[PDB]
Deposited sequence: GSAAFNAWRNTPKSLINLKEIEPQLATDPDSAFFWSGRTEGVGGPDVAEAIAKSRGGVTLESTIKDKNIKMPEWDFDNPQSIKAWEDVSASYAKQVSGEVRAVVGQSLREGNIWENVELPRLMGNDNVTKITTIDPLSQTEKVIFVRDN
């Protein structure tokens, strides 16, 4: 592996009701920077903003991101928000790594999606 997962994991923990996820684009609008803007404008964080703001060094590159994404998902609690576009990439981390671990996270109480362009919301899970 390209990273030292065991020492990074504690830094991926998030405050309750603060974690955001994201995937895809709608009419070409989306991606990690748009998700971070939506998240921070609403008082929350993303995986990328956590990595940047907690100064975690990230690049085998795909495996590193999968491991950190899974750890981030495992450590959230409360209400979760996800900026999910209409156009998703086959194999994306949100559907293949993160959302299954959110479903397996007994502390997740709600998942709400937000479109990256319109910001229309949909509740997709209530536990």
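- Residues of the deposited sequence missing from the coordinate set occupy positions 1 to 13, 73 to 79, 148 to 149.
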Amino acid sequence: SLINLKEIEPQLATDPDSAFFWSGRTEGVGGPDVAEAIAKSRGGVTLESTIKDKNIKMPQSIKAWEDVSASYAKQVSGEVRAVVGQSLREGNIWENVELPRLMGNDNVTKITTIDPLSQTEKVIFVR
From here on, numbers count along this sequence of modelled residues.
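- As listed in the deposited structure, the average C-alpha B-factor of 6 to 14 and of 20 to 28 is greater for 6 to 14.
- If you average the C-alpha B-factors over 46 to 54 and over 85 to 93, the higher value belongs to 85 to 93.
- Note on 62, 102, 35, 70: the highest value goes to 62, judged by CA B factor as recorded.
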